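Single chain ahead, written as structure tokens, the form deposited in one PDB entry.
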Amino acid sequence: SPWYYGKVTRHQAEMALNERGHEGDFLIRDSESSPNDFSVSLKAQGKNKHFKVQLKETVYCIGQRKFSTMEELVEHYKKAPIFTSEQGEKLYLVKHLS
């Protein structure tokens, strides 16, 4: 993800912008105040500004369950059944078709 600078703090973002930033230069970093979100830190008018960007990450929903990644979904259904028949027959995922 080329658009992401680094997990630098608000203060560290300012230090970088003060050292080598110019009008309109920006960086995108993890938010300190809200660790799962981001901040866009911008040099403008001789000052540094910070804008919060809230992330609602991906949700994979199947039946009544929700997973943040497809890998998690897959593993879950190797240990718990993805379908139980009415005869109680539990069907599980075993491995990917090559």
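Start at 1 and count along the sequence shown; that's the residue number.
What follows is about the form deposited in another entry, which we do not show.
- Of the two rigid parts that account for the shift between the shown form and the other one, the one holding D25 holds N48 as well.
- Compared with the form shown, the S68-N36 C-alpha separation increases in the other entry, the change being 3 Å or greater.
- In the other entry, the CA atoms of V8 and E57 move farther apart by at least 3 angstroms compared with the shown structure.
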